[PDB]
């Protein structure tokens, strides 16, 4: 699709059997989701932005589906104020900025 920026670019994702809304965030290096359960190994991480840093769990190799596009990547889980899809996954669905 072509996605306008008049509004926040929110999409539906399927992850871990769950349906979730997330923001397509070209300013995020990583994908960060609100608290949720994921399978497999994780390690702690600190990620930072306006207002400072938060602690997350980093899960690698997580299957995600965004707009019918299957991808696989790292998902960070923690007390983010909003679900964000970062570049790590945006690349995998072939997403670009165009002007």
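Positions refer to the first chain, counted from 1.
Undergrad: If you take the mean CA temperature factor per stretch, which one wins between 7-15 and 85-93?
TA: The entry gives the higher C-alpha B-factor average to 7-15.
Undergrad: So 64-72 or 29-37, which one's hotter by mean CA B-factor in the entry?
TA: Higher mean C-alpha B-factor: 64-72.
Undergrad: Which third, lowest, middle or highest, does the CA B-factor of residue 43 fall in along this chain?
TA: Highest third, going by the recorded CA B-factors of the chain.
Undergrad: Using only modelled residues of the chain, where does the Cα B factor of residue 50 rank: lowest third, middle third or highest third?
TA: Answer is highest: the recorded C-alpha B-factor places it there.
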